[PDB]
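To start, the structure under review is shown below, and the notes come after it.
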Amino acid sequence: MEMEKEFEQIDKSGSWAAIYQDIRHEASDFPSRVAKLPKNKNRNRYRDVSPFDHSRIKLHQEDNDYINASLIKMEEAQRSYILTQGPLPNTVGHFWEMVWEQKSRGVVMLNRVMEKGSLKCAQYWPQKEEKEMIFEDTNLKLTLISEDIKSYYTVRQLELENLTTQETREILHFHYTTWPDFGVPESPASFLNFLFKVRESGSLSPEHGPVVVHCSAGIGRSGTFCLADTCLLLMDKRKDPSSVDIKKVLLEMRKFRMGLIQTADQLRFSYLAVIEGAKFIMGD
């Protein structure tokens, strides 16, 4: 069924909450035993958001290999993503260790450091060229190279140095700065423009490690970003683009991380973004 008609049907009948609860009921349940170990309690932002054991990213250290992060591997679309929580004061060094070890080119951030008057993640990158950051627990140095501030997003060039080997790499930071404190955006236009800027940089392409994408918990806004990207790519690749089923793609993604898409409003917004984005993919 052409999702544009499915959309109008759900909208006229006002059944978004019913559709969304069906997804919640059918979603995979896999163990998350490592996340729940007592030694990892201060590595998790939220008690009810954890990576599954089978898909979690492991840090390359013998001490404690745990980070709240998951590998989402989309086989037909030939895309992979790492979805993670916003870093905590005690996990900023782990976060950049993961970026280094997984050979990522881009980091996608979908929240502000403060929202609703409370801290949603640590200030984990430097704000001034001449004030670099050193993460002593993981032996990394991070420098701000340049910053381009636009009306709806900011893009930063960063240098990450492995102090053990003195290798350096360029990381791109894509920061969507205008998601509202409550609800979802009224139009998907600026979010789609942002997605296309990430694509254009190479950060989603197979010559690099998976992009790292986060919000506060790494499931809601972050889920919307990867769901929209994968659905638009499948519409490009297939003979019959109307065969792409957004609910089926979301359930596939939920085999790899729990809770992706947090509200019925985020589900509607995901449909809207794919419908409006397709009017470029197809040929317009």
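General observations
- Residues that are acidic (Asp, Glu) and either within 14 Å of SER222 (Cα to Cα) or assigned to a loop (DSSP other than H, G, I, E, B) (or both) within region 266-284 comprise just one, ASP284.
- Residue list for region 174-191, filter: buried (at least 19 other Cβ atoms within 10 Å of the Cβ) and among the hydrophobic types (A, V, I, L, M, F, W, C): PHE174, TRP179, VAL184, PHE191
- Residue check, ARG268 under 16 Å from the mean Cα position of the chain (by Cα) and touching a residue at least 24 places away in the same chain (Cβ under 8 Å): no
- In the set (1) in contact (Cβ under 8 Å) with a residue 40 or more places away in the chain; (2) over 25 Å from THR263 (Cα atoms); (3) out of contact with any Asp or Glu (no Cβ under 6 Å at 6 or more places or on another chain); (4) surrounded by 12 or more Cβ atoms within 10 Å (Cβ to Cβ), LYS103 fails one condition alone, (4).
- The sole residue among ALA228, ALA264, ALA273 that is surrounded by fewer than 18 Cβ atoms within 10 Å (Cβ to Cβ) and among the aliphatic types (A, V, I, L, M) is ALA264.
- Criterion violated by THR177 - all others in (1) over 21 Å from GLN262 (Cβ atoms); (2) touching a residue at least 60 places away in the same chain (Cβ under 8 Å) satisfied: (1)
- Which numbered condition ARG43 fails, given (1) within 30 Å of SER203 (Cα to Cα); (2) of a type in the set (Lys, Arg); (3) out of contact with any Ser or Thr (no Cβ under 7 Å at 6 or more places or on another chain): (3)
- Test: residue in region 109-123 that is hydrophobic (A, V, I, L, M, F, W, C), within 24 Å of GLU200 (Cβ to Cβ) and in contact (Cβ under 8 Å) with a residue 60 or more places away in the chain: yes
- In region 71-100, residue surrounded by the most Cβ atoms within 10 Å (Cβ to Cβ) [restricted to those that are under 11 Å from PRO210 (Cα atoms), touching a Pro at 6+ places or on another chain (Cβ under 7 Å) and of a type in the set (A, V, I, L, M, F, W, C)]: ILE82
- The residues listed here are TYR66, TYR46; of these, the one that is under 29 Å from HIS173 (Cα atoms), aromatic (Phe, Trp, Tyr) and surrounded by fewer than 19 Cβ atoms within 10 Å (Cβ to Cβ) is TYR46.
- Pair list, Cβ < 8 Å and 6+ apart or interchain, from region 1-26 residues that are loosely packed, with under 13 Cβ neighbours inside 10 Å to residues that are small (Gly, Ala, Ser): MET1/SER242; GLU2/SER242; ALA17/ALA264
- From the options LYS248, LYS239, residue that is loosely packed, with under 15 Cβ neighbours inside 10 Å and assigned to a helix (DSSP H, G or I): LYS248
- The selection criterion, being outside any loop (DSSP other than H, G, I, E, B) and surrounded by 13 or more Cβ atoms within 10 Å (Cβ to Cβ), does not hold for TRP125.
Residue by residue, here is whether (1) more than 30 Å from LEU160 (Cα to Cα); (2) within 19 Å of the chain's Cα centre (by Cα) holds:
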{"residue": "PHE7", "(1), (2)": "yes, no"}
{"residue": "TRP16", "(1), (2)": "yes, no"}
{"residue": "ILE19", "(1), (2)": "yes, no"}
{"residue": "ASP22", "(1), (2)": "yes, no"}
{"residue": "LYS41", "(1), (2)": "no, no"}
{"residue": "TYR46", "(1), (2)": "no, yes"}
{"residue": "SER50", "(1), (2)": "no, yes"}
{"residue": "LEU59", "(1), (2)": "no, yes"}
{"residue": "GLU97", "(1), (2)": "no, yes"}
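Read the figures in this text as sums done on the coordinates, not as results from a lab. We place every Cβ from the backbone using ideal geometry, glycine too, and count neighbours over all the protein chains shown.
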